[PDB]
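Undergrad: Experimental structure and its sequence below.
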Amino acid sequence: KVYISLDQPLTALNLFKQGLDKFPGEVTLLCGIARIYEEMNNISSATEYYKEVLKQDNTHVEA
Amino acid sequence: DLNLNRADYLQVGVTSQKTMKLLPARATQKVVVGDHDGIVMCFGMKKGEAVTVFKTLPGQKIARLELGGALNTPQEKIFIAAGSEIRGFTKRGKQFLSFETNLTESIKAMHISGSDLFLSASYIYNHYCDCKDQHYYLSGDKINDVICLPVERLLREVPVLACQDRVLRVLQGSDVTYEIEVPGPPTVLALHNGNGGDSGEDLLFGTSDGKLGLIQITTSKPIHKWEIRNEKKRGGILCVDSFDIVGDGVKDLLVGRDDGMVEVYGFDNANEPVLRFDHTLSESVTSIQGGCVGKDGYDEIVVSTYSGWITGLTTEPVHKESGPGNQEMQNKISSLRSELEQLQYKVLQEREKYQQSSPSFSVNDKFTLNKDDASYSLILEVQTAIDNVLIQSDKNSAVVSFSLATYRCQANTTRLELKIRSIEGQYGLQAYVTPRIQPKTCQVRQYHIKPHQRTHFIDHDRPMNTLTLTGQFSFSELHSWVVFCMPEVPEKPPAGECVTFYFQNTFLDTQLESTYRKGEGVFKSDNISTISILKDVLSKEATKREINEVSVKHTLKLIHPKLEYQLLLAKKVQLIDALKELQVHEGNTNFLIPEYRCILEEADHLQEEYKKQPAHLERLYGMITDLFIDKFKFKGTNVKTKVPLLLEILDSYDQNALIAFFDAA
Amino acid sequence: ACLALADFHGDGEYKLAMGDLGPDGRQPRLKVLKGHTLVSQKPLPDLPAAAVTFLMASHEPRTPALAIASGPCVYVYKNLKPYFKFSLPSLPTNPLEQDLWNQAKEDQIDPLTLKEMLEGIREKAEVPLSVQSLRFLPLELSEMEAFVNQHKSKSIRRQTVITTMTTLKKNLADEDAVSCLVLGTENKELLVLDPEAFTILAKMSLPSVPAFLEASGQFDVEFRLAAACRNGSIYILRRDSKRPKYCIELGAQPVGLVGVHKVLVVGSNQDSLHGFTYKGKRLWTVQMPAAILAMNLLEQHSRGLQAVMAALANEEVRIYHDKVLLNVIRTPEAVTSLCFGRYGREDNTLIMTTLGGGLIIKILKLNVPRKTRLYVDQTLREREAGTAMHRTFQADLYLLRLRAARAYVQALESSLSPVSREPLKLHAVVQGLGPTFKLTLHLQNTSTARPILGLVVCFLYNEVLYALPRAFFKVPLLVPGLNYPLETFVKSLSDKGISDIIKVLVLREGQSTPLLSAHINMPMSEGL
Amino acid sequence: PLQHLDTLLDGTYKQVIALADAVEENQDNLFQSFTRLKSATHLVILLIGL
Amino acid sequence: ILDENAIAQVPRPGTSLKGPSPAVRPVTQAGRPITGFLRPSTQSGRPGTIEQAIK
Amino acid sequence: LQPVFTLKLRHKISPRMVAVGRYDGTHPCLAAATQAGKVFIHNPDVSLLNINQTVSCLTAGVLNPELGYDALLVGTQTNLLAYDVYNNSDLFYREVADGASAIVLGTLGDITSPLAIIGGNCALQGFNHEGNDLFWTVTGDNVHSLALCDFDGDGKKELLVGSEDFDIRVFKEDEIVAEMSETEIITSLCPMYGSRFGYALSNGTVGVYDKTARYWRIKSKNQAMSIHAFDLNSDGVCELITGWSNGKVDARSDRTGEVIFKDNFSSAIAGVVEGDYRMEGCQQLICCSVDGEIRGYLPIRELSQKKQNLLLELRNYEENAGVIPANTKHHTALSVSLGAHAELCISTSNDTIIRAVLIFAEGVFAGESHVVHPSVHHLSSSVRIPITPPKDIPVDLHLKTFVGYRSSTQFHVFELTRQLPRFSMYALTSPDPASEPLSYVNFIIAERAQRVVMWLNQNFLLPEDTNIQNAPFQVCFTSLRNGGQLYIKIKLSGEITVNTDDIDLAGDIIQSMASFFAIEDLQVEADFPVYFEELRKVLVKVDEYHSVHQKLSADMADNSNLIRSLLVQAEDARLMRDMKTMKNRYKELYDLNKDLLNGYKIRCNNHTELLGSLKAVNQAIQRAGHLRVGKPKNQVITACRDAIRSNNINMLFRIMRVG
């Protein structure tokens, strides 16, 4: 949130991938990555990350 | 557009003003110069090296040198005037004329019109015809130069006499016909062609403030044609000449300066001048000529430099040869190498002998008064380079004066210009100069800061606060007092036992007419401060050996615009930077008020004037408090205590409340 | 004093030309600059319109020229002798002034001396107040404009206003054996006049859009004449009006065109320039940060190898060697032409003619979709159970028609439609946070031509939450086709945030049933 | 240093208040003029209908 | 609007937060096609001036 | 030469804040500070970066060698920010609280990661590509310039620190190597040679240093803003490019300082930096003015005047073979007077007079001179000049006594060099047991009490009556900057006890004693109660300063949010011409601005007090470390840093006392 407030998507994405390196399959982190990719409007990666969320949750209303 | 390459020639000793000349000789001409030791010499510069001719014996300091001829013959006789006599050489080492012209002090200018000889002095002017006195004049002010119009293209000889007090007295016989007025004290003047002007006669003058002109002296009145009054080109004109260097077909004006600046003025407008090429030289030019001296076939300018470096500015390129990889540089390098080796040997052995067995010089100083400001501009010059200059009291590359100011001069600089700003009062300044010579001596100079630039006319319709001195004077002594008290007045008491001078304050225009006879003196004025200072200083000199009730109003109305401008300066520079912080964002398209938008552009000039503002504000406050104290002192009161209230009022500066506090208490 | 021309008419000594514009297009003299000394060598007076570009040859005596004067017509310079054929010489000292300029000859133009010129219009009648001449620059702006209608003395005609021409070069240094004169006007009419028969051979109007500089440097050596359309295309419409090749390949309109008889260096407005060849191939483009105003390229030593002087649109200049960058600094506010300034037979001196007045010289296969197993299973279900789907969808459609008719009738009852013979349309917009909102009703009569006289608006609100000053007001006569914004100031009174609906009813004054209605959910107060 | 930014803010605030009062007074004058114009046009329609 | 915190003012397109065309997918602003799953953190574009945001 | 490119940038460039960096990886660009706290980037268009805070440092380099991009660094008096401009993302945004007065970027000795060194109040720091503190040491005074140069030739570069104390120290990864005492606050250092570095001051002096000596030096006006060593003539050896306060860019030589290339501008010179704009594979030299113009470059008769001067000297000697007997000798004498200055008396064993004396010393007198003036009624043979140096550093006066008669217009100038010793003040006296300072340090020395006595005679102004026996002895000295006391006690056991109540004096004495006996290691037993109690007071106050600043910042954030809301509300009320509510919003805004300005005043005041406290703490750690020579120095420094990061104040004082 802090990094997105300072308009720094590519810092937030690196931080999210660091977190996923810590927590290997977290759903909120993958969903945040997908939200950032959709705000930047490149859906071809937001669909991939929502599909990862699905592979983890499969009931996720957002993805 | 014009380019002149700086090719150096022989170096002679230190030279005075207009001490270089060119013998007319289609090939290369010959250069003739005169050192301050009397060694007049001439060379031709055949190929790189100076083939010296008749380098004579040392004598007195050559004050002037001029070449002329009796008839219409090509003028070749070179006349000098060293101490008190005029010697004359042919175009070789045969002296033919030696006119003793027994005088008192020295010669400062001279002109040779065939047989006619017009020489100057400190104050005296003489016109001889072959060692026979025929005209004698004694001006009231020192003479700077004398010229006579062409006695051939015209019929009568009308010698012009340039005085120190900004006048050109165009006299005939032994009495002035009329006097032309010129801005600034004239220093050089020469008819502006090889004949003296196509349309009859024309006189071209150049003044010490830096100004050129073309006074056309008719039989009874002058006809001013143009003036080259400058702004950035300050510096006393020491030499001027006419020669066609640009090659357009009409002769150009080659003018020198006192700060090295050499300038060419073309007349491409067919009637008026325009600058074409300027070049600085790091010393003071003393003589300029045209023609060619090296590699005939290319017109060049010969410039005599104060220390003696007879330099030339040629129109021919210098890079003659270029390939895959000049040699004259190597030749000059080797010559200087060998000379410096052998001279080091000799001077080291002599230093050893001198130290085991254990130098006068010249400083061309100029203590002038800038008129556009209120600051004297002292200018020291030495032939060698300076090491340090003391300034004790009672463009410059030199270091800090913080200490009694000591100035060190970096690297190899000859001249040093420094400003000096003194208040309307506080009369009473030494300067020790040390050159970079081996014994490292020091020479002291004593200038005076007098207790007002002198002009020729005043306005009597101003409120005059007259003042009268009476009783037991020798007119010479009263004149000595006025010389002690005023900047620009001749020392010698003017003849007639009755003299009147028309001064003018430069900080703000207030006249100080001063009239005096053998035993009486009237010092009218437009300022209370001026007459108060005069009263005090004249009473001091004596011990050694009326009011217009509206004058204060006039002086305050004079001051008001300056204080208003200073306060507006401060008020705008307070907000300059705050507005600049807003400027860097949103590009200033729609929001900034027009009021501050008027400041956003001129921010630079405002900021650079704010640097000088505080000195002007302090000076104005001091002048106002002195005016107040003095105008209450004349009535017999002592109001040295009410000053702080006046200071507070000026911090407020209600001009009407200011005049109210002036009239009431 | 703004200028138009800049041209180096060389080989005399360094003779540079400058065409200034006076009071009404006058050249007092078409001044010679003499760029390294700024004096007048040979003055060129007697020209009533702003010329732009001279013309030279190898056999010319270097003093006569070709002044394409933007104004009435063209005046080719032949040592103070403008001699064209039949319509182009038009009295080169202003003919539409000096028929009436004789009354304004006592001093300069100022409104003090104009009010004593009451007899001067009628003490001398050179013309009976002809409409072509009586009002050119200097006269009374109010009192003599009532005598134009009652006089109405007739006029003449001539060739239209020009910018550039095209002329011959081979038989030039006699100025009478010329054959083709193809000049470019403003109405994109390059008229081809011939003095061998006093005729009009052709006229080039195929762009029918105005050129900026018509001829890429007055001609090309291959005669591929380069007209520049003000649309975004540059043509290769040849000399003597041959068949067009047209390269539209520009992202925007072209600004400024010179040529070095090898390339076409045009400007652009998409922050670039384009170097086209004679055929239309882009040889090299150059990127610049801002838009361009005027370019040029200097003389050719090799095949066009020197520097380019390219100004910008924010007072900047930008100099280049096509590949390597040199300068960005801020001299000219605008500029006319950049040419030589060469004096003393040096390499190159550059000139720059700004629009403040100065003369500056400063040197520094398709996407067909794919269907998954879901689609084939769905189609199999449809093929095996199509009848039930059809029947149930028809039943659902019947029920949907029923419910839609029900809701439509209920809306007609309550008259809640903001769109409803009797044509109207109203919708209410709310603006503003804070306790005071601006509520503007956009109302509109939607009919061919029929106004609605008697209507009135009544608001329905909760008098404990909103304080409407005028909850009922007449509406102006609604003219068919205009949206009337009728606004009011709603104000929230509840100290706690309470959002309540507000109804609006538009109704006749003789009826009691609302003609139509609207609803607005008032937002939260954000009070204090 | 505030660089006298507060002084510029005070000046601008005074300007804004002055302009707001001016707009209020102009609104009141405009309303009076509108009422008087309504009376005048009432009379004019009457005199045209007669 | 009244709060500026992003360092870069005009950063490269692709590194800042400030598919189907509007002929298929409905839109909300000049771009920004309608999304699924409205969350209270959605900004979905930003206004340019206070006036535009109010009006 | 000729400027290979020129351009005009509309933004005022802050002087010492300029850098060139390939922020696109392969596309070099210019980063430069500006007014309002914004940093602009020139790509070959100008792009702004809102630091929103007054910048004080700026550089650009490679901070993580894994990628090939330059990282734009931006320092502020309370922050430090690395920035990847290409993919805009903070490499690290660290909060220093010591300030950013001078930063560099390179590899120190025995550190495998390019550090972003920084210099604040009195303490340096170091950060890797993520922002981890890897280097930290304390220095004398405010650091003004830093550069990386391999003094000592061992392949790992030590860092050169220019303290506001007029000193230039060289720091290894942990150890201090050497310190040369310049004469004014340093402003810029630049290395490009092996062990040679070019330095600038605020006098205007630009000079060059070998290991521990100056090749050349030139002092002028218009003190240098930015120095940078480049190879203009391409002779293979770098030269000192310099940009002065007037505009002059003079490329000099690293040999005797002879001007080789020269250029001029319209305003002052902000920065001279090398970087290959035009993509030619070879470095360039860009000069950037203060007013925002950039220009980029790619890489005769005076001796006859000297001949003429030699001939003039020969003329003088031949004239010989305002006059003065040739055997006139100027003899000086130093002394010290209480009833408070070091007097220097100059005389002449003749009837001649001393008309004026112009002493020239670098850092003692204000300015470079102190011309003594005697009025014409006061002239005599012997004249005394009072001197009051500001600090204890040995200075060398170059006296120039103007010798001549009474009524003379020209007279000689005798030159004479006299060195005021390090401790020129403190006219030492008899002991007073009542006023002996309770502070004390003890340490060990090798041998040779007589060698220490020679040390005393070399670094102190003992009178001629003195004599010291090999027995243990105490020497007392009254300070002359203040009325303090100093007591040196040499014990028979070879121990030394310095009993001065000033800690800097003890550090100076112990370090001079070490450097005099060629000692590489020393450990002290120290105790300064009066100083330690005050240090504890400051350490106590720091925490409450932190808390008050936190609370004030919270409140001001609240009020700023209120003010932005009111701005929006006022714009709304004005868009519907509702003037009562608009005027009420404007009144509330006025009141909030008044309250926030009061809050700003009080915060700033507390913040400056906090900076004073932090500098006190850092300078105290440095004063503790500076008291010990060699390997104990950085040991004590890191020990105190760890004892303060853990708030173990008692351990801090324990390690400062004996450890």
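TA: That came in fine, so what should we check first? Residues are numbered from 1 along each chain as shown, chains lettered A, B, ... in the order given.

Undergrad: Could you chop chain C up by domain?
TA: C:1-90+C:160-364, C:365-420, C:421-528 (CATH domains of a matching chain).

Undergrad: Can you name the element that comes right after the longest helix seen in chain B?
TA: Using DSSP state H to define each element, chain B has its longest helix at helix B:551-583. Where DSSP states H and E defines the elements, the next helix or strand beyond helix B:551-583 is helix B:594-610.

Undergrad: Wondering if that next one reaches chain F at all.
TA: No. For helix B:594-610, no contact with chain F is found by Cβ under 8 Å from any Cβ of the partner chain; the gap never falls below 8.8 Å. (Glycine included, C-beta is placed from N, CA and C.)

Undergrad: So what touches that helix?
TA: Contact with helix B:594-610 is made by B:569, B:570, B:572, B:573, B:575, B:576, B:579, B:580, B:583, B:588, B:592, D:8, as judged by Cβ atoms under 8 Å, 6 or more residues apart in numbering or on different chains.

Undergrad: What are the buried residues along stretch A:19-32?
TA: By neighbour count with 16 or more other Cβ atoms under 10 Å in any protein chain shown, stretch A:19-32 contains the buried residues A:27, A:29, A:30, A:31, A:32.

Undergrad: The fourth one and chain C, how far apart?
TA: Between residue A:31 and chain C the distance, using Cβ to the nearest Cβ, to the nearest Å, works out to 25 Å.

Undergrad: A helix includes that residue, no?
TA: Yes. The assignment for residue A:31 (DSSP: H, G, I helix; E, B strand; the rest coil) places it in a helix.

Undergrad: Contact partners for the closest residue in space to it that isn't next to it in sequence?
TA: Take residue A:31 and drop its neighbours on the chain: the residue closest to it by Cβ to Cβ, 6 or more residues apart in numbering or on different chains is residue A:53, 5.4 Å away. Remark: with contacts taken as Cβ under 8 Å, 6+ apart, residue A:53 is in contact with A:27, A:30, A:31, A:34, A:60, A:62, A:63.

Undergrad: how about the last one, secondary structure?
TA: It stands for residue A:63. coil.

Undergrad: and it, how many residues sit next to it?
TA: 22 (other Cβ atoms under 10 Å in any protein chain shown).

Undergrad: hmm, back to that, possible to save the domains of chain C as a markdown table with mean neighbour count and distance to chain D?
TA: Shown next, in a markdown table, are these (neighbours: other Cβ atoms under 10 Å in any protein chain shown; distance: least, Cβ to the nearest Cβ, whole Å):
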| stretch | mean neighbour count | distance to chain D |
| --- | --- | --- |
| domain C:1-90+C:160-364 | 18 | 28 |
| domain C:365-420 | 10 | 30 |
| domain C:421-528 | 15 | 13 |
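
Undergrad: residue contacts, the closest residue to chain E within the stretch 201-350 of chain C?
TA: Residue nearest to chain E within the stretch 201-350 of chain C: residue C:289 (13.1 Å; Cβ to the nearest Cβ). Counting by Cβ under 8 Å, 6+ apart, residue C:289 touches C:271, C:312, F:45.

Undergrad: Mind telling me which residue of chain F is nearest chain A?
TA: Counting by Cβ to the nearest Cβ, chain F gets nearest chain A through residue F:89, at 4.1 Å.

Undergrad: now that residue, nearest residue through space, not along the chain?
TA: residue A:11 (4.1 Å).

Undergrad: Mind putting the contacts of helix B:594-610 into TSV with neighbour count and distance to chain A?
TA: TSV is the format used below for the contacts of helix B:594-610 (neighbours: other Cβ atoms under 10 Å in any protein chain shown; distance: Cβ to the nearest Cβ, whole Å):
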residue	neighbour count	distance to chain A
B:569	18	43
B:570	14	42
B:572	19	38
B:573	18	37
B:575	20	33
B:576	19	33
B:579	21	29
B:580	17	27
B:583	18	25
B:588	13	25
B:592	15	28
D:8	17	29
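
Undergrad: nearest to residue C:20, of those?
TA: Proximity of these to residue C:20 (Cβ to Cβ) peaks at residue B:588, which lies at 33.8 Å.

Undergrad: gap between that closest one and residue B:549?
TA: 53 Å (Cβ to Cβ, to the nearest Å).

Undergrad: And residue C:315, by the same measure?
TA: According to Cβ to Cβ, residue C:315 and residue B:549 sit 58 Å apart.

Undergrad: Ok, which of the domains of chain C comes nearest residue D:28?
TA: domain C:421-528 (15.6 Å).

Undergrad: Once you drop chain neighbours, what's closest to residue 5?
TA: You didn't say which chain, so I picked chain A. Closest to residue A:5 by Cβ to Cβ, 6+ apart is residue E:5, at 6.7 Å.
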